[PDB]
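Chain order of the listed sequences is H and E. Here the first sequence stands for residues 2 to 35, 50 to 210, numbered as in the authors' numbering. Just so it is clear: in the second sequence, position 100 is 101 by the authors' numbering, and no numbers are missing. Where a beta carbon is used, it is the ideal one built from N, C-alpha and C, also for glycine.
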Amino acid sequence: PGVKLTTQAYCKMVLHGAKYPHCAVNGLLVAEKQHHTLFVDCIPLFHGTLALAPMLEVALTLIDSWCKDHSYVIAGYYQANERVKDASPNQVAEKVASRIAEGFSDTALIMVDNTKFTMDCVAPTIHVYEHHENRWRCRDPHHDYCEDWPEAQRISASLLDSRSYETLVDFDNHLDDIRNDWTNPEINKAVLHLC
Amino acid sequence: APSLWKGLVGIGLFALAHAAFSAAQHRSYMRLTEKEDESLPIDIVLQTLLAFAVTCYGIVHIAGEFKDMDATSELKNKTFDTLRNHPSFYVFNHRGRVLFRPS
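Here you go:
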């Protein structure tokens with residue numbers, strides 16, 4: 002089963018990682034339920064301590080309420096480590112992956128690397144882990160998960176060059192300040208306009 | 002606003018000094034003339050009181066701090082995100098460093 006994702010979600014993930022480069026970041030990809052797995056968009060969950068179930072329950076239940084409003088389904092959950100020389104999945108990541116795999120039959124664990132994380136990204140710089148309820152832990156050697164690569168580079172370079180990524184909002188900022196949303200409307204407008 | 006109060010205080014002080022000089026001149030004249038046990042003019046006395054009341058109004062406005070008594074209100078806006086990071090322990094191992102290294 003191939004894994005395909007739109008440039009919008011990848012830009013969201015990279016941008017959320019850029020927002021907090023000193024702490025670990027967390028995100029949740031969303032697909033469409035109706050063999051290849053297509054990802055629609057991602058939402059950033061939390062940042063910082065990143066070892067708490069209480070707020071995770073709130074966030075995941077809110078996302079579930081969201082997915083039953085516009086007829087969506089939670090695809091998978093992605094996590095980046097704090098240390099640069101760290102590319103191994105933590106226990107919380109596997110627990111969340113199993114929790115999402117109970118419902119959906121296709122949950123990929125996305126790992127953002129840190130060693131190949133610069134302004135001029137080469138290309139893939141994503142680790143796709145394929146986890147289950149059993150002891151199956153395999154990561155794909157190298158495949159193509161993005162649709163158009165040169166256009167993706169142009170938009171990513173424009174987004175990272177121009178300092179317009181301070182507006183990205185997380186679920187924690189929603190609790191701290193109700194006013195900011197969490198769908199990132201301006202980011203969607205920019206991804207549509209740049210194309 | 003504070004500058005206006007400071008200027009008003011200075012002007013009042015100058016007026017008070019001028020009233021003092023006028024009273025000094027009046028007493029110097031009085032010492033010239035024998036007897037004549039009279040008081041200083043009431044107009045300059047009223048000017049002195051006007052200068053005294055004006056200078057006591059800005060002297061209170063210049064230093065008004067009146068901080069809140071309760072200790073919870075200043076930390077009512079502060080977020081735990083800023084508290085999480087500390088200035089003692091700072092690990093210099095992040096992806097931004099290698100991302101900003103070329104540029």
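Cut-off 8 angstroms between Cβ atoms - residues of its own chain near residue i, not counting five sequence neighbours on either side
i, result
"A205 (chain H)", "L174 and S179"
"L183 (chain H)", "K13, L16, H17, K20, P59, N199 and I202"
"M31 (chain E)", "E37 and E39"
"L17 (chain E)", "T49, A52, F53 and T56"
"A172 (chain H)", "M134 and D135"
"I63 (chain E)", "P3, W6, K7 and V10"
"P2 (chain H)", "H50, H51, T52 and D121"
"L14 (chain E)", "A52 and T56"
Continuous beta strand (DSSP E) stretch holding residue i: start and end
i, result
"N188 (chain H)", "From DSSP, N188 (chain H) is part of no beta strand (DSSP E) but of the alpha helix (DSSP H) over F186 to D191."
Residue from the options with nearest C-alpha to residue i
i, options, result
"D187 (chain H)", "H:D121, H:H146, H:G118 and H:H62", "H:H62"
"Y87 (chain H)", "H:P156, H:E166 and H:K34", "H:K34"
"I45 (chain E)", "E:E35, E:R85, E:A52 and E:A20", "E:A20"
"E145 (chain H)", "H:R154, H:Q168 and H:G118", "H:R154"
"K100 (chain H)", "E:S4, E:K68, E:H95 and E:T83", "E:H95"
"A2 (chain E)", "E:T80, E:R85 and E:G65", "E:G65"
"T7 (chain H)", "H:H189, H:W164, H:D196 and H:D176", "H:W164"
"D135 (chain H)", "H:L207, H:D84, H:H85 and H:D176", "H:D176"
"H208 (chain H)", "H:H189, H:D191 and H:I170", "H:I170"
"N129 (chain H)", "H:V107, H:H23 and H:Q106", "H:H23"
"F101 (chain E)", "H:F132, H:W151 and H:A167", "H:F132"
"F119 (chain H)", "H:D159, H:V31 and H:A95", "H:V31"
"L190 (chain H)", "H:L77, H:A95 and H:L29", "H:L77"
"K7 (chain E)", "E:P88, E:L76, E:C57 and E:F22", "E:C57"
"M126 (chain H)", "H:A90, H:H142 and H:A138", "H:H142"
"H85 (chain H)", "H:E117, H:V137, H:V55 and H:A116", "H:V55"
"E148 (chain H)", "H:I115, H:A138 and H:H157", "H:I115"
"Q9 (chain H)", "H:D196, H:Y160 and H:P156", "H:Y160"
"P104 (chain H)", "H:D192, H:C57, H:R152 and H:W81", "H:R152"
"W197 (chain H)", "H:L29, H:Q168, H:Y11 and H:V4", "H:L29"
DSSP bridge partner residues for residue i (one or two, in chain order)
i, result
"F54 (chain H)", "H:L6 and H:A32"
"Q94 (chain H)", "H:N27 and H:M126"
"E145 (chain H)", "H:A123 and H:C153"
"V88 (chain H)", "H:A32"
"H158 (chain H)", "Its beta-bridge partners do not exist; DSSP assigns none."
"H62 (chain H)", "H:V26"
Residue range of the unbroken alpha helix (DSSP H) whose run includes residue i
i, result
"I43 (chain E)", "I43 to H62"
"residue 107 (chain E)", "Because chain E is modelled from 2 through 104, residue 107 (chain E) falls outside the range shown and cannot be assessed."
"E109 (chain H)", "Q106 to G118"
"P69 (chain H)", "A68 to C82"
"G65 (chain E)", "Taken as a continuous stretch (DSSP letters only), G65 (chain E) belongs to no alpha helix (DSSP H), as it is neither H nor E."
"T83 (chain E)", "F81 to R85"
"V99 (chain E)", "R96 to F101"
"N203 (chain H)", "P200 to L209"
"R178 (chain H)", "From DSSP, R178 (chain H) is part of no alpha helix (DSSP H); its letter is neither H nor E."
Contact set for residue i: own chain, Cβ-Cβ below 7 angstroms, skip 5 residues either direction
i, result
"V111 (chain H)", "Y92"
"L65 (chain H)", "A25 and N27"
"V107 (chain H)", "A66"
"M70 (chain H)", "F61"
"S113 (chain H)", "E148"
"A138 (chain H)", "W164"
"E109 (chain H)", "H146"
Cβ-based neighbour list, residue i, same chain, cut-off 6 angstroms, excluding 5 preceding and 5 following
i, result
"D121 (chain H)", "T52"
"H27 (chain E)", "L41"
"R98 (chain H)", "none"
"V10 (chain E)", "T56 and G59"
"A68 (chain H)", "none"
"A74 (chain H)", "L60 and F186"
Contact test: residue i Cβ vs the ligand SAM heavy atom, cutoff 6 angstroms
i, result
"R154 (chain H)", "Absence of the ligand SAM is noted for the structure shown, with no ligands found whatsoever."
Residues of the segment 76 to 103 of chain E whose Cβ lies closer than 9 angstroms to any Cβ of chain H, in chain order: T80, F81, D82, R85, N86, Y91, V92, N94, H95, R96, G97, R98, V99, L100, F101, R102 and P103
Under 8 angstroms (Cβ pairs) to chain E, residues found in the segment 186 to 207 of chain H: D187 and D191
Mind checking the segment 107 to 141 of chain H against chain E and listing, in chain order, the residues whose C-beta falls within less than 8 angstroms of any C-beta there? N129, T130, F132, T133, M134 and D135
Give me the subset of the segment 13 to 27 of chain H whose CB atoms are less than 7 angstroms from a CB atom of chain E, sorted by chain position. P22 and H23
Between the segment 57 to 77 of chain H and chain E, which residues of the former have CB atoms less than 9 angstroms from a CB of the latter, in chain order? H62, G63 and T64
What are the residues of the segment 86 to 108 of chain H that lie near chain E, defined by any Cβ-Cβ distance shorter than 7 angstroms? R98 and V99
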